[PDB]
Each structure stands twice: as structure tokens, then as C-alpha cells.
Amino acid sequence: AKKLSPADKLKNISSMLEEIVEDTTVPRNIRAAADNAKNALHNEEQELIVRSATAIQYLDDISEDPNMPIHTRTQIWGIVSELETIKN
């Protein structure tokens, strides 16, 4: 009857982020934004909800970019929605 642990959620989100970072079809700056978001989630000086908010902001900032591929936008939406579920 396992629920998903905070560690598992962060690992899943980070993998979704690395999927964008490694999608060499994606513009450099968007890949950079996803890696910043990814690194934000591993800031050990912050608790999870503060890391999550930080990562959300890096992702919202880039969502404003004119050359984002349709597939990447759907991906970011999923990552952000998952980030917003993180509580405690």
C-alpha cells in the first residue's frame, strides 16, 4: 500500500527534467532552464517545498520563450503540476 515518497517524487521530476536537458532538438536556453530547475531540486540547503517553488519559477520564466516546441511545453506543464503537489 505504498504512497510515493518525497524522494521518489523528486527523482521522478528530475528524470523528467533531464529528458528535456538531453533532448538536443530543444533550444539551448530552454535546456539550460530545465537544468537550473533540476539543480534547484537538489539544493540541500533548502527543504523540499522551497526547492520546488524555486524550480517552478525557473520553469514559469522560460514558458515565456517564443521558440518552445509543443512537446516540451506539454512536458513542462506536467513537471510543474507535479511540483505543485509537493507539500510538507
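Don't overthink the numbering: it's just position in the shown sequence, from 1.
Annotation for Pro69: C-alpha temperature factor in the middle third relative to the rest of the modelled chain, per the entry. Sort the chain's modelled residues by C-alpha temperature factor and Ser14 lands in the middle third, per the entry.
Ranked against the other modelled residues of its chain, the C-alpha B-factor of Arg31 as given in the entry falls in the middle third.
Annotation for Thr85: C-alpha temperature factor in the middle third relative to the rest of the modelled chain, per the entry.
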